[PDB]
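A.B. asks:
2 protein chains.
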Amino acid sequence: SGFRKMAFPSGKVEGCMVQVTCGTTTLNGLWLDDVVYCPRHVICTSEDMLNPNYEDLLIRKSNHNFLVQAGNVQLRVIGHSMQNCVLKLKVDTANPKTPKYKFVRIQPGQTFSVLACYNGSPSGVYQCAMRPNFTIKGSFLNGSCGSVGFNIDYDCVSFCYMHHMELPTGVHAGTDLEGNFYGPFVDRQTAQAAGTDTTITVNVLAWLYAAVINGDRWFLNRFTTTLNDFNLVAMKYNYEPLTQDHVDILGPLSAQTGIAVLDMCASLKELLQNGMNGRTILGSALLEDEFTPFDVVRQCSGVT
Amino acid sequence: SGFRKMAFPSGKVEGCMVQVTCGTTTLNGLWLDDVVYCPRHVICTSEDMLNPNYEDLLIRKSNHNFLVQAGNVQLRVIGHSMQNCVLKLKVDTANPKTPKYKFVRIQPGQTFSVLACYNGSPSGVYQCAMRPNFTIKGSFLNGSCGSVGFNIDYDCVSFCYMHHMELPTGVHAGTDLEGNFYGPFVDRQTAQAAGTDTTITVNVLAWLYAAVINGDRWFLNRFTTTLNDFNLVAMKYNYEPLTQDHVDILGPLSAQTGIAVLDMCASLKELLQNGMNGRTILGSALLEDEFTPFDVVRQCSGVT
Ligand SMILES: CO[C@@]1(C(=O)Nc2cncc3ccccc23)CCOc2ccc(Cl)cc21
Ligand SMILES: CO[C@@]1(C(=O)Nc2cncc3ccccc23)CCOc2ccc(Cl)cc21
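The listed protein sequences derive, respectively, from chains A and A'. A prime marks a further copy of an entry chain.
Take 1 as the starting number for the first sequence in the entry's author numbering and just add one per residue.
Take 1 as the starting number for the second sequence in the entry's author numbering and just add one per residue.
1. If you reduce the DSSP assignment to three classes, tell me which class A:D153 lands in.
2. For ligand 1, is there a heavy atom less than 7 Å away from the beta-carbon of A:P39?
3. Could you name the residues that DSSP lists as bridge partners for A:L67?
4. Just to check, is the beta-carbon of A:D187 closer than 7 Å to a non-hydrogen atom of ligand 1?
5. In or out: A':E55 buried (at least 16 other Cβ within 10 Å) or exposed?
6. Tell me the rounded alpha-carbon separation between A':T135 and A':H80.
7. In the segment 166 to 181 of chain A, which residues sit with their C-beta less than 8 Å from some C-beta in chain A', listed in chain order?
8. Any heavy atom of ligand 1 inside 7 Å of the beta-carbon of A:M49?
9. Along the chain, where does the alpha helix (DSSP H) containing A:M276 start, and where does it finish?
10. Which residue from A':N72, A':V247, A':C128 and A':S121 puts its Cα closest to that of A':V13?
11. Starting from A:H172 and walking both ways along the beta strand (DSSP E), at which residues does that stretch end?
12. Are the segment 17 to 25 of chain A and the segment 59 to 70 of chain A touching by the rule of at least three beta carbon pairs closer than 8 Å?
13. Residue 316 of chain A lies in the beta strand (DSSP E); which residues open and close that run?
14. Buried or exposed for A':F223, going by 16 or more other Cβ atoms inside 10 Å?
15. I want to see whether chain A' comes within less than 8 Å of A:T304, judged by CB atoms only; does it?
16. Please compile the residues from chain A' whose C-beta is within a distance smaller than 7 Å of the C-beta of A:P99.
17. Among all the DSSP beta bridges, which residues are the ones paired with A':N133?
18. Can you tell me which of the three DSSP states A':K61 falls into?
19. Hey, would you say the C-beta of A:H164 is under 7 Å away from at least one heavy atom of ligand 1?
20. Mind checking which residues open and close the beta strand (DSSP E) that includes A:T201?
21. By the criterion of Cβ-Cβ separation under 8 Å, what are the contact partners of A:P122 in chain A'?
22. Taking 6 Å as the limit between beta carbons, can you name the residues of its chain near A:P241, skipping five residues before and five after?
23. Going by the CB atoms, is the gap between A':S113 and A:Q299 shorter than 8 Å?
24. Smallest Cα separation from A':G11: which of A':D187, A':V125, A':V247 and A':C265?
25. A:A191 touches chain A' at which residues, Cβ-Cβ below 7 Å?
26. Report the partner residues of A':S121 according to the DSSP bridge assignment.
27. Can you give, in chain order, each stretch of the alpha helix (DSSP H) that sits fully within the segment 244 to 291 of chain A and has at least 4 residues?
28. Rounded to the nearest angstrom, what separates A':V233 and A':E166 at their Cα positions?
29. Should A':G215 and A:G170 be called a contact, given that it needs their Cβ atoms to be closer than 8 Å?
30. Give a yes or no on whether the minimum CB-CB distance between A':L250 and chain A is below 8 Å.
31. Closer than 8 Å is the cut-off here; do at least three beta carbon pairs connect the segment 92 to 111 of chain A with the segment 45 to 60 of chain A?
32. Is the beta carbon of A':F140 within less than 7 Å of some heavy atom of ligand 2?
33. In angstroms with no decimal places, state the Cα-to-Cα distance between A':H41 and A':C16.
34. Let's see if you can read the secondary structure: which residues bound the alpha helix (DSSP H) around A:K236?
35. Mind checking which residues open and close the alpha helix (DSSP H) that includes A':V13?
36. 8 Å is my cut-off, CB to CB: does A:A129 come that close to chain A'?
Listed below in structure tokens is the structure:
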């Protein structure tokens, strides 16, 4: 029992963290095999960020202009290329600590762990989610760029995020491991606004199922609702529309607790309309949406 | 910018996690040098837990009765001893992944990272704090016993907690790495009640300083207070008494923001008396007390 915003063990990802320097700029890189991945804005100065032509900036950069430092040893860059908003630096030595990996592009709503790094050194690890507006609410300072987001399936690291930008609103924007940004964000120092942040409904339902599993059952009511009725209420509260797929995914948690998914929706509906009334659920005074139904089952079963 | 309940990178602690079996019981152990530490209740059956004489139970256990499995290889137990509520199994092979370590007994209020394990395999990592009633609000299932709590100073792991027990209230009880329980808890299956959980005042103040640093400044008021006046209010709300030492420790965050510690106390006083009024601070609808002032500076400066 107990329910925490538990991140994946980061050891397998720490072994991939390197420091990438280009001129004055220094950020983090992810060394897997003989390739180091990092945000392509490593080639920019602060003046270049305002309006950068990365193709042009890159021309005035050679293999020796990139300094990759793993731990305290220097790596030899034997090739360089730009894949979307990431630089792929081919080094002459394969990472001896390269785990089994996949580069996956997650969907908004999915949650991953972030290993925040500075100078190729991991400083901490936390769990976060891809917001429906394709931002993350991370904890990143200057020099955290190149830090990755990941999931782990037994011994396989699925890299899904690379940190590039902090938006003026304090939210974070980044790319998948193929250099493509999540959302409309561009790696330019220009005013970019984050869209509406909606609440990932299926996740709040999953954390309500998690609460019932841990004894917090006060919010359980005598009512039920329909998918369409629940969604009219969800719409008003800027909550994601709940679909039959979401109900399907909640099936396991519905079976575990014996509470139908539409009964849980009615409890959520009353929580949305009536408020928490001073009470807490899993020590939280608000509805938590950064636990997928997969995170709840994993934490309440013990998947290692 | 951004503020998360960020745990330390767990890689250095994953390399110490082993599976310890004794008869039918299987829990986790911490292998540092040629010693594997684990909860002494590994020698008990479910009937023994009701009233165990560990000295007597241990007599009917020999070196070969303990099965330590690291990864997928078996370790040879060449000696065994009981230090308080922990078993110290001396193995013939020193852990090649043993980091620089210290065994430290933390004070209530201090926060550490937990690497939750099952069968010697790390399943996840989260940050938590030693409650003033010497319990932790962890996330532990059956088989998580032997999971450790730790802090990291650059390359040195300070082990401070070992998980032993879940109390009927869903809170967790454990020992330091010398086998001594935090609080009055005993490793017996007998009704043990957790005392009053108070709010770690100095930590809530630190997370208020962290909020101001991240732009959330709505709670800042035009008032100040005295230490004695603040404490009368803190007492009523079951908040820890604030001492001059706590004010001293908040000095750095006071200097960073230019907000005096007693001005921040007045903001906290109004937050306690008036409530959040529907608003959030750092995305939280309640006052967070599981960030020490050291955690705030570390997260807002980038200590790796
Ligand atoms: C190159 O770094 C930028 C940035 O936001 N990086 C950051 C990312 N995280 C946390 C940050 C905390 C403080 C300072 C910067 C942070 C600086 C502003 O202009 C831009 C413009 C585009 C891009 Cl792709 C990045 C950036
Ligand atoms: C030996 O394990 C016990 C326990 O609480 N362990 C646990 C610790 N964490 C999470 C748990 C989740 C579910 C089941 C047990 C959990 C079982 C009950 O009796 C006792 C009595 C004393 C002690 Cl020192 C431990 C224990």
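C-beta atoms are modelled at their ideal positions from N, C-alpha and C, and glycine is treated no differently.
C.D. replies: By the coordinates alone:
1. strand
2. yes
3. A:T21
4. yes
5. exposed
6. 28 Å
7. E166, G170, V171 and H172
8. yes
9. Run containing A:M276: none; DSSP gives neither H nor E here.
10. A':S121
11. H172 to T175
12. yes
13. With chain A represented from 1 up to 304, any question about residue 316 of chain A goes unanswered, as that position is not in the structure.
14. exposed
15. yes
16. In chain order: nothing, as chain A' lies at least about 11 Å away.
17. Note: A':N133 sits in no beta bridge, so no partner.
18. coil
19. yes
20. It is not in any beta strand (DSSP E) - A:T201 instead sits in the alpha helix (DSSP H) that spans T201 to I213.
21. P9, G11 and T304
22. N231
23. no
24. A':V125
25. Chain A' residues near A:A191: none, gap ~17 Å exceeds 7 Å.
26. A':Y118
27. 244 to 249, 251 to 257 and 261 to 274
28. 32 Å
29. yes
30. no
31. no
32. yes
33. 20 Å
34. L227 to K236
35. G11 to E14
36. no
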